[PDB]
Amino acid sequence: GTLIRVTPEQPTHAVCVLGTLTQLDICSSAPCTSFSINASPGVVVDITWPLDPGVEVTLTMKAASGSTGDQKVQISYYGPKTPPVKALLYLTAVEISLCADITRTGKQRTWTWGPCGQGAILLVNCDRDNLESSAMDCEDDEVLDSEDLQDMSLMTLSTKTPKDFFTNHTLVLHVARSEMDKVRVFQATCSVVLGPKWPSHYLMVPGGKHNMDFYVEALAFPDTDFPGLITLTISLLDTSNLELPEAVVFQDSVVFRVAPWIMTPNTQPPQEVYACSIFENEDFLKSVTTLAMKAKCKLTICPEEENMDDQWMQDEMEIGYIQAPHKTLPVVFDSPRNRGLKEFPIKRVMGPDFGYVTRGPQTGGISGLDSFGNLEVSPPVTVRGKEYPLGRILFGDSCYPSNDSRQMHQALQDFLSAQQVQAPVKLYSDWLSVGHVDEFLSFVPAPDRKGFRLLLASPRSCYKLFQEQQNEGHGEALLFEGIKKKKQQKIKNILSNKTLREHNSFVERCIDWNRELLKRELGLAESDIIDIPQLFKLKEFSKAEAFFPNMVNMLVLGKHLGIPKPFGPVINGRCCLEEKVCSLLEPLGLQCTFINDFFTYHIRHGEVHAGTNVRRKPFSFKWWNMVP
């Protein structure tokens, strides 16, 4: 919007950027009761008229000027006995368009969510296409690899002006100072034009028609301090007067939204399995290798020389992804856990088209609930009408803060909620010694109703199984048959154990609290849920550990499950636990492999899920089409 004031005293000169509203003030300097307007053919005057200020006179230019002032407007002021007094206006039209991929396919200054929304996407440039380097690509002020440009978002400035136009005008590209630390912009002929402590740049643009390409990288994920929006603006300046400051004639802009870090549920098809089972195990590792092949997965394995005896590949990292219309790449969220695997995500996982993030304090100030077996996501889910098409992040907490309670660090929680497309849900896991949601829940795919089952550990179910076995004559059957060094225990004495039953009633109650919580927060019905027979015991601080290998802590590789071998009571040549589980899951077309993790994992307080990790295929559904 511009108001040009015209004057019989003086001719007026003015620029008109196409796609802009220009109007005339014809009254303020008028000499005379009426006026007429006459303009050249490229000006459309939209509006023999009375000289009253309520008269809207609006000018539109059809196309760019070939020369300065090549369009013109004559305002004739005339009266009842006065010969006409004319006022002149000389116009110069220009095209100035800052473009970006605002329809989210392939190239209102407002970013809107949803299929009918608008606004271009920006990726955080958190991988490392630069060969033999340690740092992420967005850490320097240079484009060092041509393929790095694939991660960046294209923005273009198209101008169409007279050959002499930038004699007297200048263009400046800018970003707010509040945002300059979160973005870098490169000018393609690459050299940096905008970024940290570089909030504006004068552009060198020749007259006529020109097109200038820019490449934009984000430097920061959305977070509590950063909603995720970056605005870049082009300003046109009149630099005509040597005795005067520059004068803004026109501003236009593009708003980008930085892509959120997104997790993938056990229902997304697996692409790559990780273990760092180079340590004293080997048949464990053989078993996961067979599963990986059955599942058609790359297999990556971490040597004891790198592990540092840290076998818990689930816990230091979570492989998610970022996604823009032009580019999608996996991104490792590196837990601050910082144990033997500390170097693995930064040295072995991050790299070409493999992004990196971390959060939280890196030198301690951490808890077990920051290990990423405490970080999971549900399958897609619709809940009393609200749709969650990438699922809902699930993570474990206490039921209230006490001096004795634990939580995942606030920095991590805040980062996850600021990603806003998998709206996290706090679960209750602090009752477990280790403290992770992967100790009592899993999701697996299913061919029917909602496409998954929620699996939950279930003391109830194991008591039922064992009772049924004893009812049919097998109370002498031994739990822990098969084991080198273990006290065998008979079904009958397990059932008769009143303290064990007390402990497992308490655990049942903790698990049921989450059952109902997941029901509410995911819109699950009982028919979405399968109980896995599982016994627990309480130990130090009355905290819960698995009584026999925790079977819900499984590896889900499509229809192929890697389940800790419970070494349960052998009845008809078969562990009845294995039997029960198979009867529960095989009707969904899942294939159960029971992996001996006993001396290697189980007795160190984790199982098969805990010892492994999976990279899975990103959702087809584009995050930006959500309405969070």
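Numbering starts at 1 and follows the sequence shown.
Exercise for review: Pick one of none, 1 to 3, 4 to 9 or 10 or more for the number of deposited-sequence residues not modelled between residue 107 and residue 108.
Suggested key: Missing residues, residue 107 to residue 108: 4 to 9.
Practice item. Using what the record says, work out whether there is a hole in the model between residue 47 and residue 48 and how many deposited residues it spans (none, 1 to 3, 4 to 9, 10 or more). Key: Unmodelled stretch: 10 or more residues.
Review point. Between 481-489 and 167-175, which has the higher average C-alpha B-factor in the PDB entry?
Key: In the deposited entry, the stretch with the higher C-alpha B-factor mean is 481-489.
Review point. Comparing 275-283 with 309-317, which has the greater mean CA B-factor as deposited?
Key: Comparing 275-283 with 309-317, the higher average CA B-factor belongs to 275-283.
Practice item. Please pick out which of 413, 118, 378, 371 has the largest Cα B-factor as recorded in the entry. Key: Comparing C-alpha B-factors across 413, 118, 378, 371, the top value belongs to 118.
Review point. Would the CA B-factor of residue 601 place it in the lowest, middle or highest third of its chain?
Key: Ranked within chain, residue 601 CA B lands in the highest tercile.
Check your understanding: Thinking about Cα B factors across the chain, which third does residue 571 belong to?
Key -> Within its chain, residue 571 is a middle-third residue by C-alpha B-factor, going by the deposited values.
**Study point:** residue 67 - Cα temperature factor, lowest/middle/highest third of chain
**Key:** Highest third.
**Study point:** Chain-wide C-alpha B factor ranking for residue 591, given as lowest, middle or highest third
**Key:** CA B-factor rank for residue 591: middle third.
Practice item. Grab the CA temperature factor for residue 347 from the record and place it in the lowest, middle or highest third of its chain. Key: Residue 347: CA B-factor falls in the highest third of its chain.
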